file upload17.csv (CSV, C-alpha atoms and all ligand atoms)
chain,number,residue,atom,x,y,z
A,1,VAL,CA,0.0,0.0,0.0
A,2,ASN,CA,1.2,3.6,-0.7
A,3,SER,CA,0.0,7.2,0.0
A,4,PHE,CA,-1.1,8.1,-3.6
A,5,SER,CA,-4.9,8.9,-3.8
A,6,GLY,CA,-7.5,9.5,-6.5
A,7,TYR,CA,-5.5,7.8,-9.4
A,8,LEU,CA,-7.1,5.9,-12.2
A,9,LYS,CA,-5.4,2.6,-12.8
A,10,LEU,CA,-4.3,2.1,-16.4
A,11,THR,CA,-2.2,-1.1,-16.1
A,12,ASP,CA,-0.6,-3.3,-13.5
A,13,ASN,CA,2.0,-0.6,-12.8
A,14,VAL,CA,0.8,2.7,-14.3
A,15,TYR,CA,-1.6,5.1,-12.6
A,16,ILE,CA,-2.8,8.6,-13.8
A,17,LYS,CA,-4.5,11.6,-12.2
A,18,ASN,CA,-5.4,15.2,-13.0
A,19,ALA,CA,-2.9,17.0,-10.8
A,20,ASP,CA,-0.4,19.9,-10.6
A,21,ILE,CA,2.9,18.1,-9.9
A,22,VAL,CA,3.9,20.7,-7.2
A,23,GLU,CA,0.7,20.2,-5.2
A,24,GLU,CA,0.8,16.4,-5.5
A,25,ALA,CA,4.5,16.3,-4.4
A,26,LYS,CA,3.8,18.6,-1.5
A,27,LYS,CA,0.9,16.4,-0.3
A,28,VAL,CA,2.5,12.9,-0.8
A,29,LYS,CA,6.3,13.7,-0.2
A,30,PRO,CA,7.1,10.7,-2.5
A,31,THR,CA,10.5,9.0,-2.4
A,32,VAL,CA,11.0,10.2,-6.0
A,33,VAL,CA,9.5,13.0,-8.0
A,34,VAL,CA,10.5,13.2,-11.7
A,35,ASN,CA,11.5,16.5,-13.3
A,36,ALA,CA,11.1,17.2,-17.0
A,37,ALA,CA,14.6,18.4,-17.2
A,38,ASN,CA,16.9,19.7,-20.1
A,39,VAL,CA,20.5,18.7,-20.5
A,40,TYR,CA,21.7,22.0,-18.8
A,41,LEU,CA,19.3,21.5,-15.8
A,42,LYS,CA,18.0,25.1,-16.5
A,43,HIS,CA,14.6,24.9,-14.8
A,44,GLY,CA,13.0,27.9,-16.6
A,45,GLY,CA,9.4,26.8,-17.2
A,46,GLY,CA,7.0,23.8,-17.6
A,47,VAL,CA,7.5,21.1,-14.9
A,48,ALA,CA,11.1,22.3,-14.2
A,49,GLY,CA,10.1,25.9,-13.6
A,50,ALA,CA,7.1,24.9,-11.4
A,51,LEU,CA,9.1,22.4,-9.4
A,52,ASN,CA,12.1,24.8,-9.0
A,53,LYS,CA,9.9,27.7,-8.0
A,54,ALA,CA,8.3,25.5,-5.3
A,55,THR,CA,11.8,24.9,-3.9
A,56,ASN,CA,12.5,28.7,-3.7
A,57,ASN,CA,15.3,28.2,-6.4
A,58,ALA,CA,17.2,25.6,-4.2
A,59,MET,CA,16.7,23.1,-7.1
A,60,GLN,CA,18.4,25.5,-9.5
A,61,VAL,CA,21.3,26.2,-7.1
A,62,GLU,CA,22.0,22.5,-6.6
A,63,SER,CA,21.6,21.9,-10.3
A,64,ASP,CA,24.1,24.6,-11.2
A,65,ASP,CA,26.7,23.0,-9.0
A,66,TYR,CA,25.9,19.5,-10.5
A,67,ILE,CA,26.5,20.9,-14.1
A,68,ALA,CA,29.7,22.8,-13.1
A,69,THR,CA,31.1,19.4,-11.8
A,70,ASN,CA,29.7,16.9,-14.3
A,71,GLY,CA,28.8,18.8,-17.5
A,72,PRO,CA,25.5,18.4,-19.3
A,73,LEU,CA,23.2,15.3,-19.2
A,74,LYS,CA,22.5,13.3,-22.4
A,75,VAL,CA,19.1,13.5,-24.1
A,76,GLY,CA,17.5,10.3,-22.8
A,77,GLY,CA,19.6,10.5,-19.6
A,78,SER,CA,19.0,11.4,-16.0
A,79,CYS,CA,20.5,12.2,-12.6
A,80,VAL,CA,19.3,11.9,-9.1
A,81,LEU,CA,19.5,15.1,-6.9
A,82,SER,CA,17.7,16.2,-3.8
A,83,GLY,CA,13.9,16.5,-3.7
A,84,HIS,CA,14.2,19.5,-1.4
A,85,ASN,CA,10.8,20.2,0.2
A,86,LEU,CA,8.9,18.2,-2.4
A,87,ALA,CA,10.2,14.6,-2.2
A,88,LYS,CA,13.2,12.7,-0.9
A,89,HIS,CA,14.8,12.7,-4.3
A,90,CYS,CA,14.3,14.3,-7.7
A,91,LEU,CA,15.0,12.2,-10.7
A,92,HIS,CA,15.9,14.8,-13.5
A,93,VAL,CA,15.0,13.0,-16.8
A,94,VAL,CA,15.7,14.5,-20.2
A,95,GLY,CA,13.2,13.6,-22.8
A,96,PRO,CA,13.7,14.7,-26.4
A,97,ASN,CA,12.5,18.3,-27.1
A,98,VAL,CA,10.7,18.2,-30.5
A,99,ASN,CA,11.0,22.1,-30.6
A,100,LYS,CA,14.8,21.5,-30.7
A,101,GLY,CA,14.6,18.7,-33.4
A,102,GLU,CA,15.6,15.8,-31.1
A,103,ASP,CA,15.0,12.1,-32.0
A,104,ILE,CA,11.6,11.0,-30.6
A,105,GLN,CA,13.0,7.4,-30.4
A,106,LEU,CA,15.0,8.8,-27.4
A,107,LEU,CA,11.7,9.0,-25.4
A,108,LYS,CA,11.9,5.2,-24.7
A,109,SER,CA,15.5,5.7,-23.4
A,110,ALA,CA,14.3,8.5,-21.2
A,111,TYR,CA,11.5,6.4,-19.6
A,112,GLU,CA,14.0,3.5,-19.0
A,113,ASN,CA,15.5,5.7,-16.2
A,114,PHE,CA,12.3,5.2,-14.2
A,115,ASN,CA,13.0,1.5,-13.9
A,116,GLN,CA,15.8,2.2,-11.5
A,117,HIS,CA,13.2,3.4,-8.9
A,118,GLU,CA,10.5,1.2,-7.4
A,119,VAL,CA,7.8,4.0,-7.1
A,120,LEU,CA,7.8,7.5,-8.8
A,121,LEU,CA,5.5,10.5,-9.1
A,122,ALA,CA,6.1,11.8,-12.7
A,123,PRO,CA,4.8,14.0,-15.6
A,124,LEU,CA,4.6,12.6,-19.1
A,125,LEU,CA,8.0,12.9,-20.8
A,126,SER,CA,8.6,15.2,-23.9
A,127,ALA,CA,4.9,16.6,-23.7
A,128,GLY,CA,3.8,20.2,-23.3
A,129,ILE,CA,6.7,22.7,-24.1
A,130,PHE,CA,8.9,19.8,-25.2
A,131,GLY,CA,6.5,19.4,-28.1
A,132,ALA,CA,5.7,15.7,-28.3
A,133,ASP,CA,2.3,14.2,-28.5
A,134,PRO,CA,1.2,13.3,-24.9
A,135,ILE,CA,-0.8,10.3,-26.2
A,136,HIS,CA,2.4,8.9,-27.6
A,137,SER,CA,4.3,9.7,-24.4
A,138,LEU,CA,1.7,7.7,-22.4
A,139,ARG,CA,2.0,4.7,-24.7
A,140,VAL,CA,5.8,4.7,-24.5
A,141,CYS,CA,5.5,5.0,-20.7
A,142,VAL,CA,3.2,2.0,-20.4
A,143,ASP,CA,5.3,-0.1,-22.8
A,144,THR,CA,8.7,0.9,-21.1
A,145,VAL,CA,8.3,1.5,-17.4
A,146,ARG,CA,7.9,-1.7,-15.2
A,147,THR,CA,8.1,0.0,-11.8
A,148,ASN,CA,5.1,1.7,-10.3
A,149,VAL,CA,4.6,5.1,-11.8
A,150,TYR,CA,2.0,7.7,-10.7
A,151,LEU,CA,1.5,10.2,-13.6
A,152,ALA,CA,0.2,13.8,-12.9
A,153,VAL,CA,-1.6,15.5,-15.8
A,154,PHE,CA,-2.1,19.3,-15.3
A,155,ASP,CA,-4.8,20.1,-17.8
A,156,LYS,CA,-8.3,18.6,-17.2
A,157,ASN,CA,-8.8,18.5,-21.0
A,158,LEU,CA,-5.7,16.5,-21.8
A,159,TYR,CA,-6.2,14.2,-18.9
A,160,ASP,CA,-9.7,13.2,-20.2
A,161,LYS,CA,-8.4,12.8,-23.7
A,162,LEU,CA,-5.5,10.5,-22.5
A,163,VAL,CA,-8.0,8.3,-20.5
A,164,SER,CA,-10.6,8.1,-23.3
A,165,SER,CA,-8.1,7.2,-26.0
A,166,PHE,CA,-6.1,4.7,-23.9
A,167,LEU,CA,-5.8,1.2,-25.4
B,1,LIG,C1,3.4,19.8,-18.1
B,1,LIG,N1,3.3,20.6,-16.9
B,1,LIG,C2,3.6,21.9,-16.8
B,1,LIG,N2,3.4,22.3,-15.6
B,1,LIG,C3,3.0,21.2,-14.9
B,1,LIG,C4,2.5,21.0,-13.6
B,1,LIG,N3,2.5,22.0,-12.6
B,1,LIG,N4,2.1,19.8,-13.3
B,1,LIG,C5,2.0,18.8,-14.2
B,1,LIG,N5,1.6,17.6,-13.7
B,1,LIG,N6,2.4,19.0,-15.4
B,1,LIG,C6,2.9,20.2,-15.8

call {"tool": "encode", "arguments": {"input": "upload17.csv", "output": "structure tokens", "more": "lines below"}}
Ligand SMILES: Cn1cnc2c(N)nc(N)nc21
result
Amino acid sequence: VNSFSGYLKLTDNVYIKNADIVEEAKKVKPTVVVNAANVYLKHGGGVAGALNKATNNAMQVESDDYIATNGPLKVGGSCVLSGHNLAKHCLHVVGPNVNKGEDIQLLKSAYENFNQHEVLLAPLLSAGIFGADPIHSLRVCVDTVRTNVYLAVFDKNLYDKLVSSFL
């Protein structure tokens, strides 16, 4: 049993809800929250800006030190950093950004990072400002992630479309 509440069950391991990721993380304090990161860990908008704003910019300060030491992530890659006031850990995952011309086949590689964690709170990778089709992102998630993933969808309209169209 876990603390996650109000989710629709899509598969054995994937659950979905209409939820602002900041508010859900604040309520649950999950072991892992996933950030929709870029390779520079520049958390300017979307999930990254929302999460970082909720940490009072502590996520960005930590991220800048990580990049100064390690250099940029790979598209499809990840790193584990603090969850600050939101979670124990934040898994920063870089999905391909279609608005930068990145290979959508890298979305599967991005989701494979989730399999290193038994339970996660996450957004759909490469959707929204990253430019991918969220229906596609949900299909790759279900077909790639084997650990237990609780997906938060921000827009009530998109949530309803993802559920209605789910095979
Ligand atoms: C895609 N996107 C942008 N902002 C958010 C947010 N606050 N919450 C969730 N679940 N998704 C988001």

call {"tool": "residues_around", "arguments": {"input": "upload17.csv", "residues": "range 139-144 of chain A", "least_positions_apart": "5", "cutoff": "9 Å", "atoms": "all atoms listed in the file", "output": "ChimeraX atom specification"}}
result
/A:10-11,13-14,107-109,111-112,114-115,124-125,134,149,166-167

call {"tool": "write_last_selection", "arguments": {"input": "upload17.csv", "atoms": "C-alpha atoms", "output": "mmCIF file, in the frame of the given file"}}
result
data_model
loop_
_atom_site.group_PDB
_atom_site.id
_atom_site.type_symbol
_atom_site.label_atom_id
_atom_site.label_comp_id
_atom_site.auth_asym_id
_atom_site.auth_seq_id
_atom_site.Cartn_x
_atom_site.Cartn_y
_atom_site.Cartn_z
ATOM 1 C CA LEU A 10 -4.300 2.100 -16.400
ATOM 2 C CA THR A 11 -2.200 -1.100 -16.100
ATOM 3 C CA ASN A 13 2.000 -0.600 -12.800
ATOM 4 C CA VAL A 14 0.800 2.700 -14.300
ATOM 5 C CA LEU A 107 11.700 9.000 -25.400
ATOM 6 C CA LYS A 108 11.900 5.200 -24.700
ATOM 7 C CA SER A 109 15.500 5.700 -23.400
ATOM 8 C CA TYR A 111 11.500 6.400 -19.600
ATOM 9 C CA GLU A 112 14.000 3.500 -19.000
ATOM 10 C CA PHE A 114 12.300 5.200 -14.200
ATOM 11 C CA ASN A 115 13.000 1.500 -13.900
ATOM 12 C CA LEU A 124 4.600 12.600 -19.100
ATOM 13 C CA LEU A 125 8.000 12.900 -20.800
ATOM 14 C CA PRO A 134 1.200 13.300 -24.900
ATOM 15 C CA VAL A 149 4.600 5.100 -11.800
ATOM 16 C CA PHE A 166 -6.100 4.700 -23.900
ATOM 17 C CA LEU A 167 -5.800 1.200 -25.400
#

call {"tool": "atom_distance", "arguments": {"input": "upload17.csv", "atom1": "CA of residue 17 in chain A", "atom2": "CA of residue 122 in chain A"}}
result
10.6 Å

call {"tool": "atom_distance", "arguments": {"input": "upload17.csv", "atom1": "atom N6 of ligand LIG 1 (chain B)", "atom2": "CA of residue 59 in chain A"}}
result
17.0 Å

call {"tool": "closest_atom_pairs", "arguments": {"input": "upload17.csv", "of": "chain A", "to": "ligand LIG 1 (chain B)", "cutoff": "7 Å", "atoms": "all atoms listed in the file", "output": "Markdown table"}}
result
| residue | atom | partner | partner_atom | distance |
| --- | --- | --- | --- | --- |
| A:19 | CA | B:LIG1 | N5 | 5.4 |
| A:20 | CA | B:LIG1 | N4 | 3.7 |
| A:21 | CA | B:LIG1 | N4 | 3.9 |
| A:22 | CA | B:LIG1 | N3 | 5.7 |
| A:46 | CA | B:LIG1 | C2 | 4.0 |
| A:47 | CA | B:LIG1 | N2 | 4.3 |
| A:50 | CA | B:LIG1 | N3 | 5.6 |
| A:123 | CA | B:LIG1 | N5 | 5.2 |
| A:127 | CA | B:LIG1 | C1 | 6.6 |
| A:128 | CA | B:LIG1 | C1 | 5.2 |
| A:152 | CA | B:LIG1 | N5 | 4.1 |
| A:153 | CA | B:LIG1 | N5 | 4.4 |
| A:154 | CA | B:LIG1 | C5 | 4.3 |

call {"tool": "residues_near_point", "arguments": {"input": "upload17.csv", "point": "(16.0, 20.8, 0.3)", "cutoff": "8 Å", "atoms": "all atoms listed in the file", "output": "list in words"}}
result
residues 55, 58, 59, 82, 83, 84 and 85 of chain A

call {"tool": "atom_distance", "arguments": {"input": "upload17.csv", "atom1": "CA of residue 62 in chain A", "atom2": "CA of residue 49 in chain A"}}
result
14.2 Å

call {"tool": "closest_residue", "arguments": {"input": "upload17.csv", "among": "A:75, A:81, A:37, A:145", "to": "residue 106 in chain A", "atoms": "only C-alpha atoms"}}
result
A:75

call {"tool": "residues_around", "arguments": {"input": "upload17.csv", "residues": "residue 156 in chain A", "least_positions_apart": "4", "cutoff": "9 Å", "atoms": "all atoms listed in the file", "output": "number ranges by chain"}}
result
A: 18-19, 160-161

call {"tool": "closest_residue", "arguments": {"input": "upload17.csv", "among": "A:64, A:113, A:150, A:158", "to": "residue 5 in chain A", "atoms": "all atoms listed in the file"}}
result
A:150

call {"tool": "closest_residue", "arguments": {"input": "upload17.csv", "among": "A:135, A:41, A:163, A:8", "to": "residue 93 in chain A", "atoms": "only C-alpha atoms"}}
result
A:41

call {"tool": "residues_near_point", "arguments": {"input": "upload17.csv", "point": "(12.5, 13.0, -6.8)", "cutoff": "7 Å", "atoms": "all atoms listed in the file", "output": "list in words"}}
result
residues 31, 32, 33, 34, 82, 83, 87, 88, 89, 90 and 91 of chain A

call {"tool": "closest_residue", "arguments": {"input": "upload17.csv", "among": "A:1, A:96, A:137, A:79", "to": "residue 119 in chain A", "atoms": "all atoms listed in the file"}}
result
A:1

call {"tool": "build_atoms", "arguments": {"input": "upload17.csv", "residues": "range 130-152 of chain A", "atoms": "N, CA, C and O atoms", "output": "PDB file, in the coordinates of the input"}}
result
ATOM      1  N   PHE A 130       7.972  20.623 -24.452  1.00  0.00           N
ATOM      2  CA  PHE A 130       8.900  19.800 -25.200  1.00  0.00           C
ATOM      3  C   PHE A 130       8.342  19.408 -26.556  1.00  0.00           C
ATOM      4  O   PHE A 130       9.135  18.924 -27.383  1.00  0.00           O
ATOM      5  N   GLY A 131       7.006  19.500 -26.707  1.00  0.00           N
ATOM      6  CA  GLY A 131       6.500  19.400 -28.100  1.00  0.00           C
ATOM      7  C   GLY A 131       6.045  18.069 -28.560  1.00  0.00           C
ATOM      8  O   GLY A 131       5.583  17.988 -29.735  1.00  0.00           O
ATOM      9  N   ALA A 132       6.193  16.984 -27.819  1.00  0.00           N
ATOM     10  CA  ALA A 132       5.700  15.700 -28.300  1.00  0.00           C
ATOM     11  C   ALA A 132       4.240  15.517 -28.061  1.00  0.00           C
ATOM     12  O   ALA A 132       3.619  16.221 -27.291  1.00  0.00           O
ATOM     13  N   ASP A 133       3.677  14.525 -28.734  1.00  0.00           N
ATOM     14  CA  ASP A 133       2.300  14.200 -28.500  1.00  0.00           C
ATOM     15  C   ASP A 133       2.101  13.440 -27.197  1.00  0.00           C
ATOM     16  O   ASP A 133       2.719  12.377 -26.998  1.00  0.00           O
ATOM     17  N   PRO A 134       1.356  13.967 -26.229  1.00  0.00           N
ATOM     18  CA  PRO A 134       1.200  13.300 -24.900  1.00  0.00           C
ATOM     19  C   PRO A 134       0.593  11.891 -25.016  1.00  0.00           C
ATOM     20  O   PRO A 134       0.874  11.066 -24.151  1.00  0.00           O
ATOM     21  N   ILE A 135      -0.256  11.637 -26.028  1.00  0.00           N
ATOM     22  CA  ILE A 135      -0.800  10.300 -26.200  1.00  0.00           C
ATOM     23  C   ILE A 135       0.307   9.308 -26.486  1.00  0.00           C
ATOM     24  O   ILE A 135       0.324   8.189 -25.955  1.00  0.00           O
ATOM     25  N   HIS A 136       1.214   9.689 -27.356  1.00  0.00           N
ATOM     26  CA  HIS A 136       2.400   8.900 -27.600  1.00  0.00           C
ATOM     27  C   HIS A 136       3.251   8.712 -26.375  1.00  0.00           C
ATOM     28  O   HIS A 136       3.705   7.587 -26.127  1.00  0.00           O
ATOM     29  N   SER A 137       3.468   9.765 -25.644  1.00  0.00           N
ATOM     30  CA  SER A 137       4.300   9.700 -24.400  1.00  0.00           C
ATOM     31  C   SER A 137       3.695   8.674 -23.448  1.00  0.00           C
ATOM     32  O   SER A 137       4.438   7.863 -22.869  1.00  0.00           O
ATOM     33  N   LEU A 138       2.368   8.701 -23.256  1.00  0.00           N
ATOM     34  CA  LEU A 138       1.700   7.700 -22.400  1.00  0.00           C
ATOM     35  C   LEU A 138       1.918   6.316 -22.894  1.00  0.00           C
ATOM     36  O   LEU A 138       2.185   5.403 -22.066  1.00  0.00           O
ATOM     37  N   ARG A 139       1.802   6.081 -24.194  1.00  0.00           N
ATOM     38  CA  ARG A 139       2.000   4.700 -24.700  1.00  0.00           C
ATOM     39  C   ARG A 139       3.419   4.246 -24.458  1.00  0.00           C
ATOM     40  O   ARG A 139       3.626   3.105 -24.008  1.00  0.00           O
ATOM     41  N   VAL A 140       4.420   5.094 -24.733  1.00  0.00           N
ATOM     42  CA  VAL A 140       5.800   4.700 -24.500  1.00  0.00           C
ATOM     43  C   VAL A 140       5.990   4.429 -22.972  1.00  0.00           C
ATOM     44  O   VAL A 140       6.676   3.464 -22.609  1.00  0.00           O
ATOM     45  N   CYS A 141       5.440   5.246 -22.119  1.00  0.00           N
ATOM     46  CA  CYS A 141       5.500   5.000 -20.700  1.00  0.00           C
ATOM     47  C   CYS A 141       5.021   3.628 -20.313  1.00  0.00           C
ATOM     48  O   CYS A 141       5.716   2.841 -19.659  1.00  0.00           O
ATOM     49  N   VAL A 142       3.797   3.310 -20.723  1.00  0.00           N
ATOM     50  CA  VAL A 142       3.200   2.000 -20.400  1.00  0.00           C
ATOM     51  C   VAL A 142       4.022   0.865 -20.939  1.00  0.00           C
ATOM     52  O   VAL A 142       4.090  -0.184 -20.270  1.00  0.00           O
ATOM     53  N   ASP A 143       4.566   1.019 -22.120  1.00  0.00           N
ATOM     54  CA  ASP A 143       5.300  -0.100 -22.800  1.00  0.00           C
ATOM     55  C   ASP A 143       6.794  -0.105 -22.320  1.00  0.00           C
ATOM     56  O   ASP A 143       7.514  -1.001 -22.797  1.00  0.00           O
ATOM     57  N   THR A 144       7.254   0.797 -21.479  1.00  0.00           N
ATOM     58  CA  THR A 144       8.700   0.900 -21.100  1.00  0.00           C
ATOM     59  C   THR A 144       8.861   0.726 -19.594  1.00  0.00           C
ATOM     60  O   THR A 144       9.792   0.028 -19.159  1.00  0.00           O
ATOM     61  N   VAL A 145       8.080   1.432 -18.802  1.00  0.00           N
ATOM     62  CA  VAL A 145       8.300   1.500 -17.400  1.00  0.00           C
ATOM     63  C   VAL A 145       7.620   0.208 -16.785  1.00  0.00           C
ATOM     64  O   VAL A 145       6.441  -0.099 -17.098  1.00  0.00           O
ATOM     65  N   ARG A 146       8.369  -0.479 -15.976  1.00  0.00           N
ATOM     66  CA  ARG A 146       7.900  -1.700 -15.200  1.00  0.00           C
ATOM     67  C   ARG A 146       7.724  -1.436 -13.766  1.00  0.00           C
ATOM     68  O   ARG A 146       7.013  -2.248 -13.088  1.00  0.00           O
ATOM     69  N   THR A 147       8.303  -0.382 -13.211  1.00  0.00           N
ATOM     70  CA  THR A 147       8.100   0.000 -11.800  1.00  0.00           C
ATOM     71  C   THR A 147       6.814   0.801 -11.686  1.00  0.00           C
ATOM     72  O   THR A 147       6.100   1.034 -12.686  1.00  0.00           O
ATOM     73  N   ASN A 148       6.465   1.140 -10.487  1.00  0.00           N
ATOM     74  CA  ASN A 148       5.100   1.700 -10.300  1.00  0.00           C
ATOM     75  C   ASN A 148       5.192   3.245 -10.416  1.00  0.00           C
ATOM     76  O   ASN A 148       5.867   3.942  -9.631  1.00  0.00           O
ATOM     77  N   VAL A 149       4.499   3.725 -11.391  1.00  0.00           N
ATOM     78  CA  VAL A 149       4.600   5.100 -11.800  1.00  0.00           C
ATOM     79  C   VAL A 149       3.168   5.769 -11.653  1.00  0.00           C
ATOM     80  O   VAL A 149       2.167   5.223 -12.172  1.00  0.00           O
ATOM     81  N   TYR A 150       3.153   6.891 -10.960  1.00  0.00           N
ATOM     82  CA  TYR A 150       2.000   7.700 -10.700  1.00  0.00           C
ATOM     83  C   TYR A 150       2.094   8.979 -11.547  1.00  0.00           C
ATOM     84  O   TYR A 150       2.977   9.842 -11.237  1.00  0.00           O
ATOM     85  N   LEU A 151       1.353   9.087 -12.625  1.00  0.00           N
ATOM     86  CA  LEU A 151       1.500  10.200 -13.600  1.00  0.00           C
ATOM     87  C   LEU A 151       0.511  11.302 -13.199  1.00  0.00           C
ATOM     88  O   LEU A 151      -0.726  11.075 -13.003  1.00  0.00           O
ATOM     89  N   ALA A 152       1.027  12.535 -13.141  1.00  0.00           N
ATOM     90  CA  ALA A 152       0.200  13.800 -12.900  1.00  0.00           C
ATOM     91  C   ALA A 152       0.119  14.507 -14.196  1.00  0.00           C
ATOM     92  O   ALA A 152       1.146  14.916 -14.768  1.00  0.00           O
TER      93      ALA A 152
END
